[PDB]
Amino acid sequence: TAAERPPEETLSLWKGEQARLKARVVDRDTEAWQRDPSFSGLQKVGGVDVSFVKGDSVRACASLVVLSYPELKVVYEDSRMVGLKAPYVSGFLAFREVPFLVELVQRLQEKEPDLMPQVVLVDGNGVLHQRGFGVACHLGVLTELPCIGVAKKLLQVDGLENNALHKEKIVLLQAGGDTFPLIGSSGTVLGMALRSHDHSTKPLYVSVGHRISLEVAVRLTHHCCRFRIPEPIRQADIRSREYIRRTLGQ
């Protein structure tokens, strides 16, 4: 039943919790380094990942890393095998993994409180979401850490579509740092498509999680990119997959 889709009875409660927690999202900058032209004052950037074991519908590995800024060197790392309770359901990602991420942050607080990250990059959307409250917002509100949503595929919500027009806009992205906005049918700006480095063509889709503005989230994500995937998320995923490989006796 860990792989079984939750009943509608359960999904409705999850929608209720998302609406409750959404009132606490802060979609502007609240940190001094975020208003600094060079992010002076930013020293620690977090990244998270949860990799789900390929045969097990029951095993996953959750990882948290903290990187120095601007050097992007790993100064803290933690991976844990966890037991899954819910499958992937689009729009409800937080409910299969956010408790593991929260526990990772609490373990950091108990073990190395001086390495608490000043912002966390999350593998998943923030406000670009069926109900405006994706996993990056969910983590932000439960920890009160600033959070950025970094997605690798476009969530087709509020009129967004990976159609021919969208693919043309991607072709128009010519260098790392170039962007185009993700606009809902309401006209609201849900996020930005970002070409993350010169030698990638598939963009990241960046949205606000918590306690950050969209322009700052985009700039910082760009600055964290040595490859397509931002180094905090990339290093977390590397560790999750390595730990799974070791656990699976290899």
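For clarity, a rigid core is taken as the largest C-alpha set superposing within 1.5 Å between two forms. From 1 onward, residues are counted along the sequence shown.
After superposition on the rigid core, the larger root-mean-square Cα deviation in 7 other deposited structures of this protein belongs to 80-88, not to the other of 131-139 and 80-88. Between 45-53 and 213-221, the larger mean CA deviation from the shown form in 7 other deposited structures of this protein, after core superposition, belongs to 45-53. Set 214-222 against 198-206 and average the Cα temperature factors; 198-206 ends up higher. Set 155-163 against 123-131 and average the Cα temperature factors; 155-163 ends up higher. Across the residues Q109, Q174, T143, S79, the deposited record lists the maximum Cα B factor for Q174. The entry assigns its greatest Cα B factor, within the set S40, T188, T30, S68, to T188. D49: CA B factor lies in the lowest third for its chain, per the PDB record. Among all modelled residues in its chain, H138 ranks in the lowest third by Cα B-factor. For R20, the recorded CA temperature factor ranks within the highest third of the chain's modelled residues. When the modelled residues of the chain are ordered by their C-alpha B factor, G149 lands in the lowest third.
Sorting the modelled residues of the chain by their CA temperature factor places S57 in the highest third.
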